[PDB]
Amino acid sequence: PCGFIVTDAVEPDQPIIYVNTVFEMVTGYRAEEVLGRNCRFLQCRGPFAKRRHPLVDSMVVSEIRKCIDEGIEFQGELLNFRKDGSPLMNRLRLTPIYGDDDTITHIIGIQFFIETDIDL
């Protein structure tokens, strides 16, 4: 039961073009609120948080950004938040998708969400 995301890798800043119903149900963000955004909003603790939360690991975020910049897959884990602010550990897999011309047209995201017992 994993979250599934698609970004457009040609448009700047990997805008989301699809999220599955698991993403929606687990994160509390409905598709209409998310398509056209970069996924990094999940690192903010709910919609009033304008900044990445100090508990999401900036070393993992750096590594994601590098894997995307380099056109390679990523696998790791970082803290995300539901729309209502509850914390969620996200075991994230990114997979670049090739259209034809040896170019990356899309990136697929797989999210395996893990409940966390932390007090914020």
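Throughout, we count residues from 1 along the sequence that is shown.
Looking at 90-98 and 27-35 together, the entry lists the larger mean B-factor for 90-98, computed on C-alpha atoms. For the pair 18-26 and 99-107, the record assigns the higher mean C-alpha temperature factor to 99-107. By the numbers in the PDB entry, the CA B factor is greatest at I72 among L78, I64, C44, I72. Split the chain's modelled residues into thirds by C-alpha temperature factor. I5 is in the lowest one.
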